[PDB]
Amino acid sequence: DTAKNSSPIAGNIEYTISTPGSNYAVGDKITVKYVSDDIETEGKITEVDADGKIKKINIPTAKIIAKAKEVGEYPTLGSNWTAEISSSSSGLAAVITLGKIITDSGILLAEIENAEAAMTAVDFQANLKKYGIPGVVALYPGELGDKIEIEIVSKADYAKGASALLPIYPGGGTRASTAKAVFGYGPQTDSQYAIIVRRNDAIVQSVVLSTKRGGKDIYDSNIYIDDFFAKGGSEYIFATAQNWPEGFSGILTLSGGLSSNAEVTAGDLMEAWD
C-alpha cells in the first residue's frame with residue numbers, strides 16, 4: 001500500500017477558524033460537544049493577535065476519538081460535532097469549524113540523506129505550526145513507529161523536575177516530567193531540550209539537543225537538532241528544529257505509521273510481537 005512514518009500530526013482534529021472574532025485570550029477553554037452533550041472540555045486557544053483575534057487552538061482528542069468509534073463516526077466525524085469557546089471568555093464572535101480526525105501522518109522518510117527535505121516541506125511544516133508541536137517523527141516507516149513516544153522538556157521546565165506536569169499530545173491529559181530523574185545533566189541554554197524516546201515502556205534514547213546552530217555538548221559534540229539527526233544520531237526518531245515551538249515541553253504520541261505491503265519482513269513482525 002502506502003508507506004508513512006508515524007508523526008505527531010495524525011490523531012489531531014482538523015479545525016478551521018472560520019471567523020476569528022476578537023478580544024479572546026490564550027488559555028480560554030474550548031468545549032467539543034457531540035449531539036449537544038459535552039465530550040471534551042479541555043481544548044484551549046493557543047494564539048491570538050493584538051486585538052484578541054483567534055489564530056490557533058488546541059483540542060485534545062482521546063475522548064472525542066473514543067466516542068466517535070462508539071457511535072460509528074470515526075474518523076470522519078461530521079455535523080453531530082460542534083466546538084465552542086467557554087462562556088467565561090472575554091472574546092466574542094469567533095466561529096470554529098471542526099473537520100475529521102487526521103489519519104495521515106503527513107510524512108515518509110526514505111534515506112536519511114534526503115530526510116531533512118521531507119521534514120522541512122511546506123505542507124508538513126504548516127501542520128506542525130497549526131497543532132503547536134515540534135517536528136519529531138519515527139525514523140522508519142511502518143506501524144511499529146506508533147509505539148514510539150517522545151517526552152520533551154525545556155530548560156525552564158527541567159529545573160522543576162517532577163513538579164512539571166507535561167501535556168500529552170494529541171490525546172490530552174498530563175504526566176509528571178521524568179527529565180530530572182533520567183538525566184544527570186540538563187539543558188544548558190534556552191534553545192536546549194531534554195528529549196526522551198520510549199518504546200514499549202523502555203527508554204531507548206535520551207539526549208539534550210539544541211534548536212540553535214552551533215551549540216555543543218560539554219565534549220564539543222554538535223547537538224543542533226538537524227545536524228545530529230542528519231549524521232545518524234538516532235536509530236529511532238528523526239527531527240528538525242524548524243517550527244520547534246520555543247520553550248516547548250510535552251509528550252508526543254506518534255501515529256499514522258503505515259507499511260508498504262511488499263516491504264514488510266518477518267523480522268518486522270518479530271519486532272512487533274509485543
# chains A, B, ... in the order shown; residues from 1 in each chain; ligands from 1
call {"tool": "select_by_dssp", "arguments": {"residues": "range 6-249 of chain A", "states": "alpha helix (DSSP H)", "output": "PyMOL selection string"}}
result
chain A and resi 62-71+115-119+122-131+155-158+179-182+225-230
call {"tool": "residues_around", "arguments": {"residues": "residue 93 in chain A", "least_positions_apart": "5", "cutoff": "10 Å", "atoms": "only C-alpha atoms", "output": "ChimeraX atom specification"}}
result
/A:19-24,53,85
call {"tool": "residues_around", "arguments": {"residues": "range 65-76 of chain A", "least_positions_apart": "2", "cutoff": "9 Å", "atoms": "only C-alpha atoms", "output": "short mmCIF file (atom, residue, chain, number, x, y, z; two decimals) with N, CA and C atoms, in the first residue's frame"}}
result
data_model
loop_
_atom_site.label_atom_id
_atom_site.label_comp_id
_atom_site.auth_asym_id
_atom_site.auth_seq_id
_atom_site.Cartn_x
_atom_site.Cartn_y
_atom_site.Cartn_z
N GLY A 11 -3.94 11.96 14.44
CA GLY A 11 -4.61 11.87 15.72
C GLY A 11 -5.19 13.20 16.17
N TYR A 34 -20.91 16.46 21.37
CA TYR A 34 -21.49 15.51 20.44
C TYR A 34 -22.99 15.49 20.67
N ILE A 39 -18.23 16.45 25.32
CA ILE A 39 -17.34 15.30 25.22
C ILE A 39 -15.92 15.65 25.71
N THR A 61 -7.77 14.97 21.78
CA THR A 61 -8.66 14.09 21.03
C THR A 61 -8.99 12.72 21.61
N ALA A 62 -8.39 12.34 22.75
CA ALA A 62 -8.66 10.99 23.27
C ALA A 62 -10.16 10.70 23.49
N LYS A 63 -10.87 11.60 24.16
CA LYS A 63 -12.29 11.37 24.44
C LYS A 63 -13.14 11.47 23.17
N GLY A 78 -18.25 14.82 11.75
CA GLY A 78 -19.28 15.49 10.98
C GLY A 78 -20.19 16.34 11.85
N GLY A 99 -13.34 19.54 11.54
CA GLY A 99 -13.25 18.60 10.43
C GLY A 99 -13.14 17.18 10.94
N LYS A 100 -12.31 16.38 10.29
CA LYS A 100 -12.17 14.97 10.64
C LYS A 100 -11.01 14.77 11.61
N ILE A 101 -10.89 13.55 12.14
CA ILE A 101 -9.68 13.16 12.84
C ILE A 101 -8.66 12.81 11.77
N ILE A 102 -7.47 13.39 11.87
CA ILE A 102 -6.42 13.18 10.88
C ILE A 102 -5.81 11.79 11.04
N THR A 103 -5.74 11.05 9.94
CA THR A 103 -5.15 9.71 9.97
C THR A 103 -3.84 9.67 9.18
N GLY A 171 -3.67 13.43 22.49
CA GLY A 171 -4.76 12.85 23.26
C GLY A 171 -5.33 13.67 24.40
#
call {"tool": "closest_residue", "arguments": {"among": "A:163, A:7, A:41, A:154", "to": "residue 256 in chain A", "atoms": "only C-alpha atoms"}}
result
A:7
call {"tool": "closest_residue", "arguments": {"among": "A:28, A:263, A:220, A:37", "to": "residue 52 in chain A", "atoms": "only C-alpha atoms"}}
result
A:28
call {"tool": "closest_residue", "arguments": {"among": "A:205, A:178, A:36, A:210", "to": "residue 191 in chain A", "atoms": "only C-alpha atoms"}}
result
A:210
call {"tool": "residues_around", "arguments": {"residues": "range 142-146 of chain A", "least_positions_apart": "5", "cutoff": "9 Å", "atoms": "only C-alpha atoms", "output": "number ranges by chain"}}
result
A: 3-7, 137, 199, 236-237, 253-260, 264, 268, 271-272
call {"tool": "select_by_dssp", "arguments": {"residues": "range 79-181 of chain A", "states": "strand (DSSP E or B)", "output": "VMD selection string"}}
result
chain A and resid 81 to 85 92 95 to 101 136 to 138 148 to 154 165 to 169 174 to 176
call {"tool": "write_last_selection", "arguments": {"atoms": "C-alpha atoms", "output": "PDB file, in the first residue's frame"}}
result
ATOM      1  CA  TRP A  81     -19.861  17.540  16.494  1.00  0.00           C
ATOM      2  CA  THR A  82     -19.505  21.194  17.498  1.00  0.00           C
ATOM      3  CA  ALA A  83     -16.790  23.396  19.003  1.00  0.00           C
ATOM      4  CA  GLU A  84     -17.333  26.474  21.151  1.00  0.00           C
ATOM      5  CA  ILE A  85     -15.272  28.816  23.304  1.00  0.00           C
ATOM      6  CA  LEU A  92     -16.882  37.259  21.080  1.00  0.00           C
ATOM      7  CA  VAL A  95     -16.574  30.587  14.802  1.00  0.00           C
ATOM      8  CA  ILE A  96     -14.660  27.326  14.917  1.00  0.00           C
ATOM      9  CA  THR A  97     -15.495  24.684  12.339  1.00  0.00           C
ATOM     10  CA  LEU A  98     -14.392  21.111  13.026  1.00  0.00           C
ATOM     11  CA  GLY A  99     -13.247  18.602  10.431  1.00  0.00           C
ATOM     12  CA  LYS A 100     -12.166  14.971  10.643  1.00  0.00           C
ATOM     13  CA  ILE A 101      -9.675  13.161  12.840  1.00  0.00           C
ATOM     14  CA  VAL A 136       9.734  14.709  15.684  1.00  0.00           C
ATOM     15  CA  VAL A 137       8.851  11.515  13.831  1.00  0.00           C
ATOM     16  CA  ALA A 138       9.709   7.814  13.765  1.00  0.00           C
ATOM     17  CA  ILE A 148       7.408   5.364  19.942  1.00  0.00           C
ATOM     18  CA  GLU A 149       6.587   8.128  22.427  1.00  0.00           C
ATOM     19  CA  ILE A 150       8.682  11.258  22.894  1.00  0.00           C
ATOM     20  CA  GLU A 151       8.942  13.307  26.090  1.00  0.00           C
ATOM     21  CA  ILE A 152      10.390  16.784  25.596  1.00  0.00           C
ATOM     22  CA  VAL A 153      11.385  19.168  28.376  1.00  0.00           C
ATOM     23  CA  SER A 154      12.664  22.748  28.050  1.00  0.00           C
ATOM     24  CA  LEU A 165       3.045  18.311  34.568  1.00  0.00           C
ATOM     25  CA  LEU A 166       3.616  17.748  30.846  1.00  0.00           C
ATOM     26  CA  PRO A 167       0.648  17.903  28.481  1.00  0.00           C
ATOM     27  CA  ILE A 168       0.160  14.806  26.299  1.00  0.00           C
ATOM     28  CA  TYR A 169      -0.423  15.439  22.586  1.00  0.00           C
ATOM     29  CA  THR A 174      -0.802  15.396  31.724  1.00  0.00           C
ATOM     30  CA  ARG A 175       2.072  13.364  33.125  1.00  0.00           C
ATOM     31  CA  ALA A 176       4.757  14.295  35.662  1.00  0.00           C
TER      32      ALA A 176
END
call {"tool": "closest_residue", "arguments": {"among": "A:266, A:230, A:239, A:179", "to": "residue 113 in chain A", "atoms": "only C-alpha atoms"}}
result
A:230
call {"tool": "residues_around", "arguments": {"residues": "residue 46 in chain A", "least_positions_apart": "5", "cutoff": "10 Å", "atoms": "only C-alpha atoms", "output": "PyMOL selection string"}}
result
chain A and resi 25-29+54-59+130-132
call {"tool": "residues_around", "arguments": {"residues": "residue 206 in chain A", "least_positions_apart": "5", "cutoff": "7 Å", "atoms": "only C-alpha atoms", "output": "tab-separated table (two decimals) with C-alpha atoms, in the first residue's frame"}}
result
chain	number	residue	atom	x	y	z
A	195	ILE	CA	14.41	14.50	24.71
A	196	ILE	CA	13.39	11.05	25.94
A	197	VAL	CA	12.41	8.38	23.41
call {"tool": "residues_around", "arguments": {"residues": "residue 157 in chain A", "least_positions_apart": "5", "cutoff": "9 Å", "atoms": "only C-alpha atoms", "output": "list in words"}}
result
residues 163, 164, 177, 247 and 249 of chain A
